[PDB]
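Reading through the structure tokens given below for one structure.
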Amino acid sequence: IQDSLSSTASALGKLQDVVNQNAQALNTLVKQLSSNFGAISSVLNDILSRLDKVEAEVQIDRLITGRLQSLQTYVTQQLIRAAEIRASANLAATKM
Amino acid sequence: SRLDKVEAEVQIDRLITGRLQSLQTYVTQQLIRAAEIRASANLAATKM
Amino acid sequence: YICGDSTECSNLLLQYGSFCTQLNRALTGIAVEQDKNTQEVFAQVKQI
Amino acid sequence: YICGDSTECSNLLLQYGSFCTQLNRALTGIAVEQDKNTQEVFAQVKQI
Amino acid sequence: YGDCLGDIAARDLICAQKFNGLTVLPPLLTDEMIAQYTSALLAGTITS
Amino acid sequence: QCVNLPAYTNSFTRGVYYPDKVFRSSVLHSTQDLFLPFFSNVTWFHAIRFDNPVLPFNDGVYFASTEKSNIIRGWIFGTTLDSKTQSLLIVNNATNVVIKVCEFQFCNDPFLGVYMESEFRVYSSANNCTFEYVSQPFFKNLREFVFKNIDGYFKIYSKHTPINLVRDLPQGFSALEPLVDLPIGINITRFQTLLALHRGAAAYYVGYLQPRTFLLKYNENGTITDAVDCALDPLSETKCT
Amino acid sequence: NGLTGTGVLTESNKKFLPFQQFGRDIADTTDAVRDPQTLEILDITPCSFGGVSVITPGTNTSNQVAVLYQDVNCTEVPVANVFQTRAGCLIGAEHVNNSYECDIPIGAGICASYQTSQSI
Amino acid sequence: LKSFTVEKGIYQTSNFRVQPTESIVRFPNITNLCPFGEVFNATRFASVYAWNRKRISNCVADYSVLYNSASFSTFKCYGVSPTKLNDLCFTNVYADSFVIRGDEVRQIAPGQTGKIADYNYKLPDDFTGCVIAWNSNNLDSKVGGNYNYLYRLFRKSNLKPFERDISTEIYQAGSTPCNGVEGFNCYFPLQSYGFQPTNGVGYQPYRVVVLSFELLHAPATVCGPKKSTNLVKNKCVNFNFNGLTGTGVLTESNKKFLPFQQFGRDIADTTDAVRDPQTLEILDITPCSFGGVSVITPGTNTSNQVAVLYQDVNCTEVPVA
Amino acid sequence: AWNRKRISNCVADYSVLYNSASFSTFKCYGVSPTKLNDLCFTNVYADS
Ligand SMILES: C=CC1=C(C)/C(=C/c2[nH]c(Cc3[nH]c(/C=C4\NC(=O)C(C)=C4C=C)c(C)c3CCC(=O)O)c(CCC(=O)O)c2C)NC1=O
Ligand SMILES: *[C@@H]1O[C@H](CO)[C@@H](O[C@@H]2O[C@H](CO)[C@@H](O)[C@H](O)[C@H]2NC(C)=O)[C@H](O)[C@H]1NC(C)=O
Ligand SMILES: *[C@@H]1O[C@H](CO)[C@@H](O[C@@H]2O[C@H](CO)[C@@H](O)[C@H](O)[C@H]2NC(C)=O)[C@H](O)[C@H]1NC(C)=O
Ligand SMILES: *[C@@H]1O[C@H](CO)[C@@H](O)[C@H](O)[C@H]1NC(C)=O
Ligand SMILES: *[C@@H]1O[C@H](CO)[C@@H](O)[C@H](O)[C@H]1NC(C)=O
Ligand SMILES: *[C@@H]1O[C@H](CO)[C@@H](O)[C@H](O)[C@H]1NC(C)=O
Ligand SMILES: *[C@@H]1O[C@H](CO)[C@@H](O)[C@H](O)[C@H]1NC(C)=O
Ligand SMILES: *[C@@H]1O[C@H](CO)[C@@H](O)[C@H](O)[C@H]1NC(C)=O
Ligand SMILES: *[C@@H]1O[C@H](CO)[C@@H](O)[C@H](O)[C@H]1NC(C)=O
Ligand SMILES: *[C@@H]1O[C@H](CO)[C@@H](O)[C@H](O)[C@H]1NC(C)=O
Ligand SMILES: *[C@@H]1O[C@H](CO)[C@@H](O)[C@H](O)[C@H]1NC(C)=O
């Protein structure tokens, strides 16, 4: 074992994936901020500087809905992963 | 075929949002069913 | 995350209710469950 | 599924980001998990 | 796409699903291999 | 006055230009625009073998030129190339660059004579000039140009590099830059090149752009270093996905 | 008659009533149409069909790939060694008579590998 | 928690604020006035089939001087609210001028059709800019009829956006060719406006000017009457850079922009670096809010004392209390 | 007592109206004007 653990790092892959996805999701949630969601621009400052009070609301509401949908999807996936990890932890505790 | 370029976008965006919501609901339900089947398969493997 | 300053966006966010509160509650529950799992797995003996 | 040709719809779909990629990733994960479950349940003996 | 456009008068929903991008993938292990695995398990548990 | 007087090549990953005027670094970006396809079928002409035929202008033209003593001098764009319709002329007459939009009556075989610059047998007459611009007076080279015509505006992108090889198009990455945007607002369907007749030793290549999705990798400093075409082959499709 | 679409047209056994002009599926997509001149009934079918999978080793190793077209024959073409597996048509990989452990799962009892003149 | 009582534990709160408490304005120091006189007071306006185009640069767009002696019967703007026009910078400024019939004034708009929209002058669907039109009955019309203004009646296709055609070939309507002479099913495509002082309001001449500009994506030379302010560094301020409003901390940057570049963007499209319009230097912009806050308290039924935990920060660097 | 008329079996080519007609008010609901050249109308009624 003393050298098998030194042979390769793939033996701990089941752990590594747990980290990877936890980053894989987060870096996704950032880049979805670049989506236009049908608005004239993806930056709130551009809308606030180009449009007046009555015309900016229509675009800002749609941007808010899109970002809220992204957050909801992220939270749901996190909940499912949490359930899976809870099952794995229960199995590990029983084995211990 | 009935609307021009500037008037079709408003309807197409809403259609896209609706279809995307349907796809998201289907994927979430499939994930839940997959978790349940995974638990059942683990039980079957332990029994075997 | 949704607004990033721009007080107009923060004001317009108020009409959407307590979605952010629900998200924060779910995340806090997950965070508590993680520590609970760790303590359950490892803290099983009273004497060091 | 969302568009079905009609290049205007495909172009308008680009502003919505990588939702389709996430859906495909989840479906692929489920598909891999199914085969993993089958192999775990049945492939337990090395000699036929 | 040689029997999906044929005399089927939209009685089968398989073509309805396929024309919208919905696809069903084959499992890795065919039933002829699960049968062999079960036969090996039965032989092992009977003889040894 | 006026007077009367194929080879194929691969596009070695050439045809990439800056899509817009922002600064990005170490970020891979996807763009949907008119680009020259990777490993395309670019046509090759010589002036050493001396031709300058009328070539169609479908949706945008990539024009490369390998030369030593400035054989290429300019281009003529139009739909009929006579006095009946407006036409655009870009010329470099060894002391100034001239861009004009006039109902030129072009000669059948336009050329610029070099003995210095002694002949201007380009057009028989010029009139109705609604736009004119002139600048201030003033194998070893390769010059690449990209011409696009979008909603009346005419966009020209340019790049230049020293190349010493003999015949083919050199293989290597090249990112063109936005040079000129002109509000000509005319109809362009055919174009012809201008050669400097000496009383040549150069070659050039012409290719057509097509709508494509390109994935560009930005360097740590402000430049692009690599590009991927999402329709070249299935591996590129997987890379884009 | 103002309806824009794309697809394959065939003759149909459907019989429209005199006041009917278009036929629709469950998804509201047009399925049959009466010709404005020849008064005949024509079925319209979509063109896109058949998933595509790319099989490759690590790009750090080699650039060779294989293409798997699903739910189609190889004989019917629209496809571009050739192997007809139960999962579809595989192009770019040769078939061997031996059996080994699975390396890259393809399906229906078929797997793929990269082996040495190296090839898939 | 939306309750008046709090149980024992730990709770999360909003992010730390870091108020800027300062406003900074940076604009190019342009001192000249825009061509308002020799454009709006042009004695002769080009005809619709040969509409005139002009380029504007290096001027201050202060329209407040137009109230004294100008009155416009039609004014519209697409892509920007009029009230913001005083606090913006325009990269490319183009002006199109022509004269048309009154009832055709409504034809100059995106997505429109008709005679003028299809055969004479067309606008893109994604057009951004403004359209101005005013009556000129007492200037363009004359007794006996003015016939110096022409338009196109016949064409073989529809014009592309911002397309100009001045060909005067004999239009052919029938199968027989028109050999450069008038005849049956052979016409001259051009016609003349019959402007007269006694004509109806729909038949009176109207002068139309269309302004085209692009915003917040390229370096600009035409800006509003806003006045600049001294630069502040290593501080959180509100800034207005060439019409772009934002808030953050400004520092010097090692980034080197290309001459045609003006703004730098991150993955989330947020502005990261900007070139100063006056000192031509590169400045990095960073957000101010940073650091989560947690409140630790026992049951409110027991005591009112609380503790505050600021995450991912030192105590020595302060912003802590 | 507004007048009503029915129209059928004709080609709606309005390009002949530019020579001697000028309308001070024109509007359309349900269809963009630019598509009017590439459409077919089932029931055509005119009120004057
Ligand atoms: C067609 C007219 C024409 C165009 C549209 C154009 C662009 C152009 N060519 C050059 C350098 C420069 N430019 C040229 C000439 C050329 N490159 C050519 O495509 C041609 C035709 C010549 C003239 C024969 C030479 C011989 C050199 C000397 C080395 C070098 O390429 O940098 C510049 C940088 C000088 C500055 O920043 O003020 C530019 C903007 N140049 C032109 O003459
Ligand atoms: C190259 O092109 C320019 C532009 O036509 C020429 O400049 C003109 O030269 C004539 C005298 O020969 C002057 O009368 C004009 O005023 C010049 N035009 C402008 C706008 O200044 C130039 O002469 C040409 N050079 C050669 C060698 O042909
Ligand atoms: C720009 O020029 C081209 C070349 O003449 C025009 O294309 C022709 O237009 C006429 C009129 O409809 C047709 O009869 C020809 O069949 C077209 N020829 C080709 C090769 O397309 C084109 O119409 C012009 N663009 C515009 C907006 O008028
Ligand atoms: C380019 O076009 C010619 C047409 O005959 C064809 O033979 C050739 O294969 C094409 N590709 C290349 C690289 O020449
Ligand atoms: C164009 O040239 C002709 C002939 O010189 C002349 O009649 C006409 O006024 C000129 N301008 C336009 C816009 O046609
Ligand atoms: C990037 O640009 C700078 C500017 O000179 C240069 O020094 C450097 O070599 C370039 N490449 C890298 C990897 O820094
Ligand atoms: C015209 O339409 C009628 C349908 O009543 C059809 O019978 C006839 O064949 C058509 N003629 C041509 C030339 O298309
Ligand atoms: C290919 O077509 C033949 C002819 O019907 C058929 O026998 C065969 O099943 C098809 N291939 C597959 C994999 O089904
Ligand atoms: C146009 O001319 C009149 C009188 O010369 C003058 O009062 C007016 O200010 C001018 N309009 C503009 C915009 O300068
Ligand atoms: C005005 O702008 C120029 C930039 O060309 C700059 O050099 C100069 O310092 C500025 N002057 C003032 C008073 O801001
Ligand atoms: C506080 O700043 C000092 C100086 O670098 C550093 O040693 C220390 O790590 C910082 N505090 C924490 C908790 O990191």
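Nothing in this text is a laboratory measurement; each read-out follows from the coordinates by a stated rule. Note that each Cβ is placed from the backbone with ideal geometry, even for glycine, and that neighbours are counted across all protein chains shown.
Report, by chain and number, residues whose modeled amide H sits under 5 Å from the one on F:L176, excluding near sequence neighbours (fewer than 5 apart, same chain).
Counting only residues 5 or more places away or on other chains, the set is F:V16, F:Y17, F:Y18.
Evaluate peptide A:80-88: per residue, the Cβ atoms of other protein chains within 10 Å of its Cβ; return the mean as an integer.
Mean partner-chain Cβ count within 10 Å for A:80-88: 4.
Find how many whole Å separate the alpha carbon centroid of region F:184-241 from the alpha carbon centroid of region F:16-41.
10
For Cα pairs less than 8 Å apart in space and 6+ apart in sequence, what is the mean separation divided by the residue count of region G:1-41, i.e. the relative contact order in percent? Don't skip to the end; give the middle numbers.
Working: 30 pairs, mean separation 14.6, N = 41.
This gives 36 percent for region G:1-41.
What is the calculated FRET efficiency for A:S6 to B:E9, with r their C-beta to C-beta distance and R₀ = 56 Å, to the nearest 0.05? Intermediate results must be reported in sequence, preceding the final value.
Working: r = 59 Å, r/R0 = 1.06.
Here the calculated transfer efficiency is 0.40.
Run through region H:1-34 and list the chymotrypsin sites (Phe, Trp or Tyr not before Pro) located in a DSSP loop whose Cβ has at most 14 other Cβ atoms within 10 Å.
In loop regions of region H:1-34 (DSSP not H, G, I, E or B), the sparsely surrounded chymotrypsin sites (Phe, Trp or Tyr not before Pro) are H:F4.
Can you show me the helix-derived [θ] at 222 nm for the protein assembly as shown, built from DSSP H runs with n ≥ 4 at -39,500 (n - 2.57) apiece and divided by the number of residues, rounded to the nearest 500.
My calculation for the protein assembly as shown gives -7000 deg cm²/dmol from helical runs alone.
Starting from the Cα of G:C102, step 7 Å along the direction of its Cβ; do the same at F:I150; then give the gap between the two resulting points in nm.
A separation of 4.8 nm, rounded to one decimal place.
Taking a threshold of 26 Å on the Cα-Cα distance, which of the pairs B:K5/F:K84; A:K31/F:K148; F:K21/F:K148 fall above it?
The pairs that break the limit, which is 26 Å between Cα atoms, are B:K5/F:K84; A:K31/F:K148.
Need one value for A:65-77: mean number of C-beta atoms belonging to other chains within 10 Å of its residues' C-beta atoms.
Mean shielding count: 5.
Around G:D31, with a cut-off of 13 angstrom between Cβ atoms, what is the net charge of the other residues, counting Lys and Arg +1 and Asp and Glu -1?
The answer is +1.
Sequence neighbours fewer than 8 away in the same chain don't count; with that in mind, list the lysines whose C-alpha is under 16 Å from H:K226.
The reachable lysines, counting only those whose Cα sits under 16 Å from H:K226, are H:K84.
Using a ≥ b ≥ c from the Cα gyration tensor of region F:73-224 (square roots of the eigenvalues), is it rounded, prolate or oblate, where a/c under 1.5 gives rounded and otherwise the larger of a/b and b/c decides, a/b for prolate?
oblate
Can you tally the net charge around B:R14? Count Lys and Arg as +1, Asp and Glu as -1, for every other residue whose Cβ sits under 14 Å from the Cβ of B:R14.
Net local charge, B:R14 excluded: -2.
Please list, or write none, the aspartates and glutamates whose alpha carbon is within less than 14 Å of the alpha carbon of A:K14, excluding same-chain residues fewer than 8 places away.
Within the straight-line limit of under 14 Å, A:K14 reaches these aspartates and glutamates: A:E84, D:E33.
What nm value, rounded to one decimal, do you get for the distance between H:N138 and G:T59 when each label is placed 7 Å out toward the C-beta?
In this crude label model, H:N138 to G:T59 measures out at 7.3 nm.
How many Cβ atoms of partner chains, on average, are near each residue of F:49-62 if near means within 10 Å of its Cβ?
0
Give, as a single signed number, the net charge of other residues whose beta carbon lies under 15 Å from the beta carbon of I:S48, with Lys and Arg counted +1 and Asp and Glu -1.
Here the count lands on +2.
What are the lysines whose alpha-carbon lies under 17 Å from the alpha-carbon of H:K142, with same-chain residues fewer than 8 places away excluded?
Within the straight-line limit of under 17 Å, H:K142 reaches no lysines at all.
Of the chymotrypsin sites (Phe, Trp or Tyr not before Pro) in region G:1-35, which ones lie in a loop per DSSP and count no more than 16 other C-beta atoms within 10 Å?
G:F16, G:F19
Show me, bin by bin at 5 Å from 0, the whole-percent P(r) of chain D based on Cα pairs.
4, 16, 15, 14, 11, 9, 8, 7, 6, 5, 3, 1
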